[PDB]
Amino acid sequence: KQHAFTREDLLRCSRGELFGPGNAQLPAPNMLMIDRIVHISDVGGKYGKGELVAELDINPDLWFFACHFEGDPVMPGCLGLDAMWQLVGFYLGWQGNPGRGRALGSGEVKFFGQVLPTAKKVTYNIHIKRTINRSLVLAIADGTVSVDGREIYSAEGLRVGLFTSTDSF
């Protein structure tokens, strides 16, 4: 129904209060790497099968700058990659599928730039490639990560699944 989500919406999601008990959650701080979803739809995007656009505000005091690395601060590439997986899980919940998310992996990932503590904003762009409903539900997507209008990462074939039991995962 809704086509954008605020940070307070995402934080509701992290407690289970957006999609409800048993269903997709985002991480809470300090693993949450999205502040807002500025667009989400089941049409458009590079495959015409859905799209998400989300943002993370950067400032110099975010926790990961101090420890990664000392004397050389740079946002962990893995955390920007995670934001993309978490967004694909969110999409699956947003579509109304039951169950909890687990990332299943990726085809090619490329890092070819960085997020410094002087950056203002990271943007994630997700293009849903295919949704699969075979015993369990999953999605395949391509994503990019940009910082202040410059593309810095790409991932082809992000996969995320929903699990109504993770006991055996």
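For every residue, the number given is its place in the sequence shown, counted from 1.
> Give yes or no for this: do at least a third of the other compared entries, each modelling residues before and after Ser135, lack coordinates for it?
Across the compared entries, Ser135 is left out in at least a third.
> For the stretches 104-112 and 41-49, which has the higher mean C-alpha B-factor as given in the deposited record?
It is 41-49 that shows the higher mean C-alpha B-factor.
> Lowest, middle or highest third: where is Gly80 by Cα B-factor in its chain?
Its C-alpha B-factor belongs to the lowest third of this chain's values.
> Classify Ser154 as lowest, middle or highest third according to the C-alpha B-factor given in the PDB entry, relative to its own chain.
Lowest third, going by the recorded CA B-factors of the chain.
> By the record's CA B-factor, is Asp61 among the lowest, middle or highest third of residues in the chain?
Tercile = highest for this residue's CA B-factor.
> Splitting the chain's C-alpha B-factors into thirds, which one does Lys129 fall into?
Middle third, going by the recorded CA B-factors of the chain.
> Lowest, middle or highest third: where is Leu18 by Cα B-factor in its chain?
It belongs to the highest third of the chain when residues are ordered by C-alpha B-factor.
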